[PDB]
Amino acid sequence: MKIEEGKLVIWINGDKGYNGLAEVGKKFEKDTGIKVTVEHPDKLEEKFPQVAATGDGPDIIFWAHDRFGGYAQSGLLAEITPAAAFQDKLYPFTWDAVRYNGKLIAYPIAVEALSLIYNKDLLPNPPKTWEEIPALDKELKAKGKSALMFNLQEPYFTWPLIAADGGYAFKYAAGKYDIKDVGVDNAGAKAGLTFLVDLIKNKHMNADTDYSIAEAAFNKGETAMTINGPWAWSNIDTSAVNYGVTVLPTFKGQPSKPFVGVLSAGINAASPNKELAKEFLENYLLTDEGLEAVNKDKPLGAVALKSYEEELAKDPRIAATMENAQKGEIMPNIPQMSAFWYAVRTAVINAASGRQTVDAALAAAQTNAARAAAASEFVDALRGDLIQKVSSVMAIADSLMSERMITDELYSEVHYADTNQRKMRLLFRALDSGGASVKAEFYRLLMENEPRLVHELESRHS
């Protein structure tokens, strides 16, 4: 069988408390005889759909909830249905984060928000505004230090500044996220990214600073500030830096607005171990003792479990995390989120490097995100019709193979399949493997090959 019955394989990111989770797994094993194996592969959030779309992969997948609507829409997750007594154990807003089209699609674990982390010996009174950072850096440079270093390679870390004065992913309106209303190139987003690029041009930051560079400099006492989440606090404790965790700086008087993630655990739709996965998550992990084991390894942030949060709430670092979360926004969980993030990543890296201007970079991200969002929604909405009607499927598959958006394995199956509908049934496995971006590219190719079909179906859709 594809997935092994009688054990649990769990994937979780290498920045989280995976040794603590493995300890919870050992407790489950001693009680049930069911072995629990915890793995942290690189790029797991991309690998998960690549294996789950073919019926393989881990039994349980951990990531922030923004990835989960895409997984659910791609047929990869089991519906979660806790009894009321269990549901009442977690904060209402955490269940909201894992609700997609009426159904719960994961168990929420903990609430993560970025904060400003500062060295209290170098900087007893951290800046309340982004605007005062250049003068602060000039001052620190005279003492052989710098003001601020944080990861500039992942848009998650720059988003709070881009959002502060008006950037947004998708507008919430009429009781839903409007995928036709993207806020990546408005004046607010441009102002925040321009502020960031100006820090780099003026040598207050370097475009190539990444996670490990910023962590190393802060934990060695070389830079006075960094921006990070709760999972980073463990290494800072070891480093002996006298650090504080506080509200992010304002920009143009507005709070920085971090995108808030809820670390969530989904169950693979293909798993033959769903009932014991539910027991593990509800009755071993989501207990005071379970979260304590994980949290002691790497801090989780503010946990979804109300009883355990009582233990954590008086920690000033957790209070700061929640202050920043309340000033930010919970991420959408919609499938289009991955396309938004890929677009914004490119924009920030290109603008920071000088490859593109801020205006050009964000204009391109806006166009690409909007186009992918609409195209992927179409593809998911009209799945049954596309499988029945698309005639150019082998040409589309050939094109996807060239741009490395489909595996040799799945391409092979499409190649050997007989008729168009059968090729399409198989090709949709590759679309479900590659998420919103591959679905968007499928749409673009289809519009090139069969414009009459696309226009006919779009009439029905709208």
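Sequential numbering from 1, following the sequence displayed.
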query: Can you tell me which stretch has the higher mean Cα B-factor, 445-453 or 20-28?
result: 445-453
task: With reference to the PDB entry, specify whether the mean Cα temperature factor is higher for 238-246 or for 305-313.
output: 305-313
- line: The largest CA temperature factor among 101, 194, 219, 119 is found at 101
query: Which of these, 405, 426, 61, 393, has its C-alpha atom at the highest B-factor, as the entry lists it?
result: 405
task: Report the third (lowest, middle or highest) to which the CA temperature factor of residue 273 belongs, ranking only the modelled residues of the same chain.
output: lowest
Within-chain third of residue 358 by Cα B-factor, per the entry: lowest
message: How does the C-alpha B factor of residue 55 compare with the rest of the chain: lowest, middle or highest third?
response: highest
- request: Pull the Cα B-factor of residue 380 out of the PDB entry and bin it into the chain's lowest, middle or highest third.
  value: highest
message: What third of the chain does residue 66 rank in for C-alpha temperature factor, lowest, middle or highest?
response: lowest
